[PDB]
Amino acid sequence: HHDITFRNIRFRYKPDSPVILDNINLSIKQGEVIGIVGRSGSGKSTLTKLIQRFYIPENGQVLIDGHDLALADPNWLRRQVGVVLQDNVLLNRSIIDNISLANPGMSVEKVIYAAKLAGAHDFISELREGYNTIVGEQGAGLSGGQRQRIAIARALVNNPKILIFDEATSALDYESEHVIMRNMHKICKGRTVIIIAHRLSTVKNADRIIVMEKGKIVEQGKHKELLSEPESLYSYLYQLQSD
């Protein structure tokens, strides 16, 4: 079963604007963990915007869990997709409010479960005010890596069938990265996962990597297979990021 399908997708942001995605064809199986890589502005984030129907393509179809998004319930779609946002933790609000910022009338139990998957529960639990701690500066002083785990918990809380990781915009402390990587298999378990990767190393072990260049998928496959294509863009990007 394919959880996400793009067929012949063409997209530009505005009527006059340049084509950003051109004839994208992609089929992602349920439970697959996919990495998306490529230079800045290749169209990686735009692809995920279309999955959420934030924009509508001028040609082609996006199908989510078999449903053409043209016809699909927008509320259902909102519930099927969880996005791990960058720099989106509200400082003026509690940790629990930040995690449940979609279904406010939801379980403390559901919040805790998501924070445990995210590897946040342990550090939250050792806070004077626990989950009621206000995130903000002089109000808690949570690190960027702590805030990122809260962001993961927020994405997981409603148990989405599809999980998307937006491209990393900063660097995380060793402890935060370590905890997340140790927990990735639990976070991704039972879900279709798309990771937009800043460093190719992040997604070395994804089921498949998709390589974008100038709005096109140019290459796709497992890491070892992409490195086997003699003049691949993947190999060049791999070389560039190497020590």
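Just count from 1 along the sequence shown to find any residue number.
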| query | finding |
| --- | --- |
| Average Cα temperature factor in the PDB entry - higher stretch of 74 to 82, 94 to 102 | 94 to 102 |
| Selected stretch [higher average CA B-factor]: 198 to 206 or 172 to 180 | 172 to 180 |
| Most elevated Cα B-factor in the entry, residues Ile150, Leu117, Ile134, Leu163 | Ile134 |
| Cα B factor band for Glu225 (lowest, middle or highest third within the chain) | lowest |
| Relative C-alpha B-factor of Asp65, binned into the chain's lowest, middle or highest third | highest |
| For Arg12, the third of its chain into which the C-alpha B factor falls | middle |
| Ranked C-alpha temperature factor of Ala155 among modelled chain residues, by third | lowest |
